[PDB]
Protein chains: 2
Amino acid sequence: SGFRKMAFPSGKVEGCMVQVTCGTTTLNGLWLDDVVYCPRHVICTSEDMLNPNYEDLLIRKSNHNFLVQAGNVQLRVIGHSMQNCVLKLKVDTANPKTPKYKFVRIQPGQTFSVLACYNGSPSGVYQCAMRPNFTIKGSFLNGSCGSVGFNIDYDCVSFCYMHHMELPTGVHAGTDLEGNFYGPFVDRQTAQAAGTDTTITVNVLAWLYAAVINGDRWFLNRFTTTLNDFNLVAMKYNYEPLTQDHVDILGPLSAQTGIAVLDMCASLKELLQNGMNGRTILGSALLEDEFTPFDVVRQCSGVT
Amino acid sequence: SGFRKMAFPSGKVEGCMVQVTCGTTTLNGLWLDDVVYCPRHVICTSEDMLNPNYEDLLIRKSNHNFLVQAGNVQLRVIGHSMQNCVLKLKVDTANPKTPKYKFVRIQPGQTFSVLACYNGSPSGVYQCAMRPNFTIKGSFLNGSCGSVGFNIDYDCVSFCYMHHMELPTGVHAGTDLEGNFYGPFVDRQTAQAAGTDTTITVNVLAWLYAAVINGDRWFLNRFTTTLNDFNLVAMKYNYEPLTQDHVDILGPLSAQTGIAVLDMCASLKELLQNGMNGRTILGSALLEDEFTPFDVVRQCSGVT
Ligand SMILES: Cc1ccncc1NC(=O)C1(c2cccc(Cl)c2)CC1
Ligand SMILES: Cc1ccncc1NC(=O)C1(c2cccc(Cl)c2)CC1
């Protein structure tokens, strides 16, 4: 039936995007109820970004300095406050398009959709994973700050990410919706170390199960392994160590395919040690890790 | 800044999806104005699909046999007609969420977003290309028929695809919104030949320009080629022959990067003849062809 890097339908989030302008700077905001959320660096100029004192910069700002526009209508700002690295602008009107929502802080290795926006207008949607080093490999340009990451369960949107910064390496950093950065990052124009990244082992295994379900079975072999033997291979190839918690999460996929998790680990071990020999798996020439076991179950069952 | 396989924001299309049921069969429909569009095979049972006489099957059906539901509200069907492989159900209510739209028949090699749906409810969104052989490599299960492909320009949705069928090979076939199949396919449960597919050369080149813009430059070399010399390599590797029309379309990317199109062809020639030697380009270990030159310009400039 096929397998694609699928994002959630973005409609519920599109109806929340607004443009926030403070003096010279314009970025995106998320309008939920009567609050607009945006990166606090909207109050900076390029000269400030080198080492900003956000508290002092925000003191020079009043409610009337924040211009919030939803499509073409201007919102009236009646309160402003800084929570960690986000600003919360109280407006006099609740968003009539506010979906059922939650703010969640996702774990590294989990996936989410990003609705990239410019001037409060959506441009596109893509699926990605929060890397084990708390960076994301997105697609963002100047003006995209304030774009958010989310998951959708039934009718409830769980916002997990707000885009803030591009590291000098081209990878992306941002916060949860409480303004706490994922990783060691600070909202400052300084060179910042992103830790060593690893491949999300449980996600690669989940994707190997997706491949078997969709017919790509060439990599299945006559071997098995143990968690300890497999983890010696995972360490050499910079893969996250596999735990029984990971094996347990792969249980639904093992029950459906009839392939024991450690037998799939032995396929992955051989792929790590021998490569793909010029072959592909689900249209990829590398081991894909941005699909969780839940994503595989969801896509392979047709959950809406 | 990064480069991702980005889909259009699906909100405008989500508001058009409905569930259509005819007797035992349920699939998705697209509600635009007072017409609901869906695959005509909604009128078949499994016994009919082997060799259906759609004209005769549709004669046994009246307006009241088509159950159309938009979320939780029932639409009143007042007319029904078959146009090629699609049914058009006239309803007594115009969709209040109908966006500015057009029906377009896209060309092979062009890209579009798919909003996969089940029971009239969206599950996800992904970007894909209409293959040169008029198939699409999507992600669809039973119940996904009627899901549509589209492009968005400013505020206008151009619907180009309606999903109808999975070939025994696992690839997908469907129609334009006038119900004309792309390719030689017929809506019948018979083994059907999809032609030999080729790699979309102009899209690979566009993606190589996207890689240079985003820093991946290892593949650039000290060589050049000619259209005729390059096309001898394209034929051997099952790539579409490059024409001056393709070179002309790559003009904006050549002007921005300062790399002449034939110099980029020489990089592609060497990649075809030598492989990637275990290296990657924009996170891929293979040559990607599902990004048009327009897609690259759009993503790299931030068009909303
Ligand atoms: C230009 C760009 C591209 C992609 N994503 C984001 C950006 N923007 C940035 O990085 C900016 C910045 C600078 C330093 C630290 C922080 Cl928190 C933010 C706004 C200028
Ligand atoms: C089951 C499925 C999976 C993915 N995409 C689509 C489907 N559905 C089909 O192919 C069906 C069919 C059969 C033969 C010809 C035609 Cl036009 C349609 C409905 C049963």
Side-chain angles (χ1 to χ4, degrees), chain A residues 1-2 302 304, chain B residues 13 16-32 35-70 75 77 79-91 103 105 114-123 128 130 134-150 159-194:
Chain A
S1 266
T304 69
Chain B
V13 183
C16 301
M17 305 308 307
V18 300
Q19 179 189 71
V20 181
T21 300
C22 198
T24 76
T25 314
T26 287
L27 44 64
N28 304 285
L30 185 65
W31 182 25
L32 293 166
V35 176
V36 168
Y37 302 82
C38 73
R40 64 177 180 173
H41 72 245
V42 68
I43 72 180
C44 306
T45 62
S46 302
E47 286 260 28
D48 298 317
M49 290 309 312
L50 291 164
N51 185 34
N53 185 314
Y54 286 97
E55 291 76 13
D56 287 6
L57 286 172
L58 190 58
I59 280 165
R60 303 288 154 231
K61 304 298 185 180
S62 295
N63 290 336
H64 71 261
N65 292 133
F66 297 99
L67 302 173
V68 186
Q69 199 180 325
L75 310 188
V77 182
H80 70 272
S81 66
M82 180 162 67
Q83 173 177 17
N84 302 311
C85 304
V86 295
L87 292 191
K88 294 192 291 194
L89 305 180
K90 196 188 181 181
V91 293
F103 288 168
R105 182 163 179 92
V114 172
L115 179 68
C117 294
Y118 295 90
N119 303 98
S121 295
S123 38
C128 72
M130 170 60 64
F134 292 107
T135 61
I136 77 167
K137 302 184 178 155
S139 168
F140 297 108
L141 307 166
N142 188 94
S144 70
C145 299
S147 300
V148 304
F150 62 96
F159 293 102
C160 60
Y161 180 76
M162 180 166 272
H163 182 52
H164 285 240
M165 171 177 68
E166 183 156 71
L167 294 182
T169 63
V171 303
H172 304 110
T175 70
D176 59 22
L177 273 293
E178 298 193 320
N180 301 114
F181 265 93
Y182 284 101
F185 313 109
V186 289
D187 46 357
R188 183 192 180 195
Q189 190 172 318
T190 187
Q192 293 183 56

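Just so it is clear: chains get the letters A, B, ... in the order the sequence lines come, proteins before strands, and each one is counted from 1. Below, all heavy atoms of this structure are taken into account, side chains as well, without hydrogens, waters or symmetry copies.
- Heavy atoms only, all atoms of each residue included: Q192(B) and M165(B) are closest at NE2-SD, 3.7 Å.
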*Should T175(B) and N84(B) be marked as a side-chain contact (heavy atoms from CB on, under 4.5 Å) after you check the CA-CA gap, both sets of side-chain angles, and the distance that decides it?*
CA-CA 9 Å; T175(B) 70; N84(B) 302 311; over 6 Å; no
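- Identified under the salt bridge (charged side-chain N to carboxylate O under 4.0 Å, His left out) test for residues 159-173 of chain B, with sequence neighbours left out: none.
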_Stepwise side-chain contact (heavy atoms from CB on, under 4.5 Å) test for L32(B) and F103(B)_ = CA-CA 11 Å; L32(B) 293 166; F103(B) 288 168; 3.6 Å; yes
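- Considering every non-hydrogen atom in both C128(B) and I136(B), the closest pair reads SG-CD1, 4.2 Å.
- Remark: the backbone N or O of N180(B) is paired with a side-chain donor or acceptor of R105(B) at under 3.5 angstrom.
- With rounding to the nearest 0.5 angstrom, the OG1 atom of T304(A) is 7.0 Å from the CG atom of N119(B).
- Without hydrogens or angle criteria, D176(B) side chain to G179(B) main chain gives a donor-acceptor distance under 3.5 Å.
- When atom types are taken as modelled, the side chain of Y37(B) and the backbone of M162(B) share no donor-acceptor pair closer than 3.5 angstrom.
- By the 6.0 Å contact criterion, NZ on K90(B) is open, its count of non-hydrogen atoms from other residues, nucleotides or ligands being 12 or less.
- Shown here for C160(B) and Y182(B), the closest heavy-atom pair between the two residues is O-OH, 2.5 Å.
- Taking 4.5 Å as the limit, some side-chain heavy atom of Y54(B) sits within range of a side-chain heavy atom of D187(B).
- Relative orientation of the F66(B) and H80(B) rings is tilted, given thresholds of 30° and 60° on the angle between their planes.
- With hydrogens and angles ignored, the 3.5 Å screen pairs no side-chain donor or acceptor of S123(B) with any backbone N or O of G302(A).
- Between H163(B) and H172(B), the ring planes are perpendicular. Angles over 60° get that label, and only those under 30° would be called parallel.
- Taking CG of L87(B) as the reference point, atom SG of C22(B) lies at 8.0 Å (rounded to 0.5 Å).
- Of the possible polar contacts, one joining the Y118(B) side chain to the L141(B) backbone as a donor-acceptor pair under 3.5 Å is found.
- Contact annotation: the side chain of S121(B) never approaches that of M17(B) to less than 4.5 Å [non-hydrogen atoms, C-beta and beyond].
- To the nearest 0.5 Å, atoms CG (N28(B)) and OG (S144(B)) are separated by 7.5 Å.
- Here the straight-line distance linking atom CZ of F134(B) with atom CZ of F181(B) works out to 13.5 Å at 0.5 Å rounding.
- The minimum heavy-atom distance between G2(A) and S139(B), with the atom names listed, is O-OG, 3.6 Å.
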*Please lay out, stage by stage, how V114(B) and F140(B) fare under the test side-chain contact (heavy atoms from CB on, under 4.5 Å).*
CA-CA 10 Å; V114(B) 172; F140(B) 297 108; 3.7 Å; yes
*Start with the C-alpha distance between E178(B) and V86(B), add both sets of side-chain angles, then the distance that settles side-chain contact (heavy atoms from CB on, under 4.5 Å), and finish with yes or no.*
CA-CA 7 Å; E178(B) 298 193 320; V86(B) 295; 6.0 Å; no
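- Interatomic distance, CG of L27(B) versus CG of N142(B), reported as 9.0 Å (0.5 Å rounding).
- Considering all non-hydrogen atoms of both residues, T25(B) and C44(B) come closest at OG1-O, 2.8 Å.
- To the nearest 0.5 Å, atoms CZ (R40(B)) and CG (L58(B)) are separated by 9.5 Å.
- Taking every heavy atom of both residues into account, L75(B) and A70(B) meet most closely at CD2-CB, 4.3 Å.
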